[PDB]
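Below: one protein chain in two forms, given as structure tokens, structure 1 then structure 2.
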Structure 1
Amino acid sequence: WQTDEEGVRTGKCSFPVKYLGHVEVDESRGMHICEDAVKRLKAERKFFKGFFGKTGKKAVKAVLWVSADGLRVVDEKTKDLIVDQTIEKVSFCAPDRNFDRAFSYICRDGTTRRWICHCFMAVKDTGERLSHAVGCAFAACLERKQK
């Protein structure tokens, strides 16, 4: 996972994912706050698609890039930047106790003034591998912050 670390510094670290979407959460941290947001999104995609079929609200095939500067999600189909999350406004991240491919992170949204979880399902990897990569990002970020 050392290579994972150097990738984070060099903007080379990436993961094929399915971006589930975002949800309001009441705290900046919590291994269970995350598990919950996963269960919410997963139960929403089940509510829709009872009415709209395979179409909504479909999780989106993408690639997660993890850098010391930020996290980015790029759509595989359109190559459009789907998510540009500044690394400095991220509070917490975590894998999921009951969903082994799941990864999520909480972040502050300053306009709405609320905590927002952002869940993913890894395609080829485990949730914990992703969470590790983003911890390496967090680290490079903390190391660069001068006094």
Structure 2
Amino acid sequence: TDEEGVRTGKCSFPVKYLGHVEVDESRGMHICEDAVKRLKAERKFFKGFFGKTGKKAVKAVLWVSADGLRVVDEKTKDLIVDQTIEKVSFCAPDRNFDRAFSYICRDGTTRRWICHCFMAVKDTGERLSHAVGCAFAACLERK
């Protein structure tokens, strides 16, 4: 099903891209959890405010292949994130937020670890995490 989709570049998930946040470790279930509650408390603290805040959740569609993760805005169809899978450290669902999924990755210019959170609309977080694991696998295996 999903697994056959990732290799064939056909695998997609409807999502809400919450945004990125610096995190202090490359892997970790609580590092993720933290990053999710930060973004959810950044969006929430700024509620009611009328204007552009730095950090507003964005409805988009997430594509998962062996080459990278891409999130294309459903609204503008602009490629918002084109992340190569080889500079990806970790990914995970959220123990206390069932719709949540995130992945950590290294950014070599800033020389830092960066979490990237999403909230799935029609699916559970673990289906997504699994899909990205299939990506991880496909990558690791021919190399």
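The term rigid core refers to the maximal set of C-alpha atoms that superpose within 1.5 Å between the two forms. Shifts are known only where both forms have a C-alpha. Counting starts at 1 with the first residue of structure 1 and goes up one by one along its sequence.
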If you fit the rigid core and then compare C-alpha positions between structures 1 and 2, only one of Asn98, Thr78, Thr55, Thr111 moves by 2 Å or more. Name it. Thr55
Core-superposed C-alpha displacement of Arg9 between structures 1 and 2, in angstrom, equals 0.4
Tell me, which consecutive runs of three or more residues change place between structures 1 and 2 by 2 Å or more at the CA, with the core overlaid? 49 to 58
